[PDB]
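K.L.:
Residue numbers (full-length UniProt numbering), protein chains in the order written: chain A, 1401 to 1448; chain B, 2 to 28; chain C, 8 to 247, 279 to 485.
Just so you know, even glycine gets a beta-carbon here, dropped at the ideal spot from N, CA and C.
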Amino acid sequence: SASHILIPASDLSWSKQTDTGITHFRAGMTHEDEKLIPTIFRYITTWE
Amino acid sequence: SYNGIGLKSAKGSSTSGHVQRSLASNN
Amino acid sequence: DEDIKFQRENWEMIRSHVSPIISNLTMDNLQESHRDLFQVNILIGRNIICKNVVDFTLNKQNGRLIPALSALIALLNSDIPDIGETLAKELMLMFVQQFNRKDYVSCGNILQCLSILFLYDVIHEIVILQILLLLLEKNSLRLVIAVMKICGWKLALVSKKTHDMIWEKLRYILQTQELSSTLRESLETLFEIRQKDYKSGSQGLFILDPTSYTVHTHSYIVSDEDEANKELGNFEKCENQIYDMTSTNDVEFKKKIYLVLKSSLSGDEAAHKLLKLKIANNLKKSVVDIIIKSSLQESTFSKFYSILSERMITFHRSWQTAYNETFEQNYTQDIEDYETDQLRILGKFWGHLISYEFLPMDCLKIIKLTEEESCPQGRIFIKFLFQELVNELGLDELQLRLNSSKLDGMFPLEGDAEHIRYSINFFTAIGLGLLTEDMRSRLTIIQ
């Protein structure tokens, strides 16, 4: 999985202007049971 | 309320469109 | 006579027991005061216990302690109806005397007592309303407001039809008739409390359950000659579990924080999911421990756990205490277990929060650099801490914060040149020796 993730949605009218920061989260993938399915970005150590 | 945030629709998005405020971003 | 002697100091001590109990009567002491009052012979000191309530009520120092007093009377009236029977009589006559005396100070002291006794079901609503009819027959309006502010909540519940008629005549006062000014704004304040529904006259000591108070609602009216039994207060002469060795509740909780922590993309997402849970304050020390242990499974430092912890701290102050407690709990206790691959993750973790002022520099005062109070894995943790301080701040900005820290515990400045020789030896071994210019001046003076 890579999409059971809250997607950052932040104010597209003012997001083109400056970097708003993460102010709100859009839901990524839905379903009755609560996912919590991990994503491999937590399992791959970053380049820096 | 749709305060400039979220989606135009949840039809072609393949999500539910559920928006919740980031409790982390406050100050 | 020794029998007249023995009965008199018995009468004296019963009088000298009730009077300090009433003077020590306050909220959260009522049950303890009523217990010691019960062992003293209440029935022999029947008017003694009544008069000590009346005078402690009347004295004008009280008035505040009246709902503490009337709650004791309900306890007595539940236990012995005759005590509240006689004590309701005297308060009726104390009203009718001072209403005839026009002692407005002493009337309101009795009327606050008669109100809260009606709140505690000691007396009937009949004894309240007939007082109201006498006061409203004259002006008497300063007295009647302090009654209806306190008792009108209960009284409209019980006797609504007649109580509406009391309001309707009382409304005819400030509507079709001229009134004195200072009295007038108090009367309309009662109308203001009416719309606010009496929520500031309905708080007291409801200790007794409505079936634990034996319901002796005394139906005495204030037009009855009430026997005035002062005489019994005089002296007379009686010729008469499975133990929990496992923590599976914690394990299911420790699994839930770990699943939150791995299902998130960014650190702001994991921060939001942890704050969404509304974790109770006893667990918020333990949630920091799950974060730090999961940061050591990563086998390399990540900025994920930094920006996770930064959004925790700026959210509420109890998280900021939880990181401050954990940093002491890590350095003083957990260093002995950690491998050197894990210490470089933590020193870069705590060096990141300290260098951006999420933890203050005063948390560094705990760390002390000696030969005795220093573990070999502890010095490794200091090395990877100061490197993140150097890389973020720079060598000059770190010089300014360490000067404002006055944490000599770190760099001494006086005391045991063997520690000053130790601390210079350690800091130059890290590679940062530009800070140690203060100690070298102090060291050569000792030589």
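Using 8 Å as the Cβ pair cut-off and three pairs as the minimum, do the segment 1423–1440 of chain A and the segment 293–307 of chain C touch?
P.N.:
Yes, the segment 1423–1440 of chain A touches the segment 293–307 of chain C.
K.L.:
Flag residue 1425 of chain A as yes if its beta-carbon sits less than 8 Å from any beta-carbon of chain B, otherwise no.
P.N.:
Yes, residue 1425 of chain A lies at the interface with chain B (some Cβ there is under 8 Å from its Cβ).
K.L.:
How do the segment 8–23 of chain C and the segment 38–53 of chain C stand: do at least 3 beta-carbon pairs fall below 8 Å, yes or no?
P.N.:
With the cut-off at 8 Å, the segment 8–23 of chain C and the segment 38–53 of chain C touch.
K.L.:
Ignore the nearest five residues each way along the sequence and tell me which others in residue 70 of chain C's own chain have a CB closer than 7 Å to its CB.
P.N.:
For residue 70 of chain C, where only same-chain residues beyond five positions count, the Cβ hits under 7 Å are 116, 119.
K.L.:
Between the alpha carbons of residue 363 of chain C and residue 329 of chain C, how many angstroms are there, rounded?
P.N.:
Spanning the two alpha carbons is a distance of roughly 14 Å.
K.L.:
Suppose you measure from the CA of residue 483 of chain C to the CA of residue 337 of chain C; what does that come to, to the nearest Å?
P.N.:
Spanning the two alpha carbons is a distance of roughly 46 Å.
K.L.:
Can you give me the C-alpha to C-alpha distance between residue 11 of chain C and residue 128 of chain C, rounded to a whole angstrom?
P.N.:
The alpha-carbon atoms of residue 11 of chain C and residue 128 of chain C are separated by roughly 40 Å.
K.L.:
Closer than 7 Å by C-beta to residue 41 of chain C: which residues in its own chain qualify, once you throw out the five before and the five after it? Chain order, please.
P.N.:
Cβ neighbours of residue 41 of chain C beyond the five flanking positions: 79, 82.
K.L.:
If you draw a straight line from the alpha carbon of residue 1420 of chain A to that of residue 27 of chain B, how long is it in whole angstroms?
P.N.:
When rounded, the distance between both Cα atoms is 13 Å.
K.L.:
Contact criterion: CB-CB distance below 8 Å. Does residue 223 of chain C meet it with respect to chain A?
P.N.:
By this cut-off, residue 223 of chain C is not an interface position.
K.L.:
Given this structure, state the Cα-to-Cα distance separating residue 376 of chain C from residue 411 of chain C, to the nearest angstrom.
P.N.:
So the alpha carbons of these two residues sit roughly 17 Å apart.
K.L.:
I need the boundaries of the beta strand (DSSP E) containing residue 22 of chain B, first residue and last residue.
P.N.:
Counting along the chain, the beta strand (DSSP E) containing residue 22 of chain B begins and ends at 20–22.
K.L.:
Let me know the secondary structure DSSP gives residue 310 of chain C once reduced to three states.
P.N.:
Residue state, collapsed to three classes: helix.
K.L.:
Quick check on DSSP: helix, strand or coil for residue 398 of chain C?
P.N.:
Of the three classes helix, strand and coil, the one that applies to residue 398 of chain C here is coil, per DSSP.
K.L.:
Check this for me: beta carbons of residue 464 of chain C and residue 473 of chain C, under 8 Å apart or not?
P.N.:
No, the pair does not count as a contact, with Cβ atoms beyond the cut-off.
K.L.:
Is the Cβ-Cβ distance between residue 150 of chain C and residue 114 of chain C less than 8 Å?
P.N.:
Cβ distance < 8 Å, so residue 150 of chain C and residue 114 of chain C count as in contact.
K.L.:
Can the beta-carbon of residue 423 of chain C be found less than 8 Å from the beta-carbon of residue 471 of chain C?
P.N.:
Going by C-beta atoms, residue 423 of chain C is not nearer than 8 Å to residue 471 of chain C.
K.L.:
Mind checking residue 4 of chain C: buried by the 16 CB within 10 Å criterion, or exposed?
P.N.:
There is no way to answer for residue 4 of chain C, as the model of chain C reaches only from 8 to 485.
K.L.:
So, using beta-carbon positions, are residue 24 of chain C and residue 130 of chain C closer together than 8 Å?
P.N.:
No.
K.L.:
Nearest to residue 136 of chain C by CA position, among C:112, C:110, C:91, C:172, is which residue?
P.N.:
With distances taken between Cα atoms, residue 136 of chain C lies closest to C:172.
K.L.:
Contact between the segment 440–454 of chain C and the segment 401–419 of chain C: three or more CB pairs below 8 Å?
P.N.:
Short answer: they touch.
K.L.:
When we look at the beta-carbon of residue 5 of chain B and count the other beta-carbons within 10 Å, is it buried (16 or more) or exposed?
P.N.:
By the neighbour-count rule (16 or more Cβ atoms within 10 Å), residue 5 of chain B is not buried but exposed.
K.L.:
Please report whether the beta-carbon of residue 379 of chain C lies at a distance below 8 Å from any beta-carbon of chain A.
P.N.:
Output row for residue 379 of chain C: interface = no.
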